[PDB]
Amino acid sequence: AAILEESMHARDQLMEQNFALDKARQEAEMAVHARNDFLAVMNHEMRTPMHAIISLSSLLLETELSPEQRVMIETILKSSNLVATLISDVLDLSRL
C-alpha cells in the first residue's frame, strides 16, 4: 500500500502539472485579449492624423509648386496612404 501511496502521489503531481499548463494558457489568452482591446481602442488616434496628412498633402498638390516641391509632396501623400492602409490592417488584427 506504499504502492497505493505512490500512485496517489503521481496523481497529485499530474494535477499540479495540469493546472500549470492551464494557468500558462489562460495567462496568454488574457494578456492577448487586453492588449488587442487596447490596440483597437487606440486605432482612431493613429488614423486621424494620417487622414489629416492625406487631406493636406492632397490639397497642396492643387496649388502652384516647383517640380521639386511637387515630387516631395506626392511622396508625402503616397506614404501617408500606405500608413493609413497598414493601420487599417492592424485594426483587422482583432480578431481576424
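Start at 1 and count along the sequence shown; that's the residue number.
Note on 1-9 vs 86-94: mean CA B-factor is higher in 1-9. Once the C-alpha B-factors are averaged per stretch, 75-83 and 16-24 rank with 16-24 first. Per the PDB record, residue ranking by Cα B-factor puts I53 in the lowest third of the chain. Placement of the Cα temperature factor of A31 within the chain: highest third of the modelled residues, per the deposited record.
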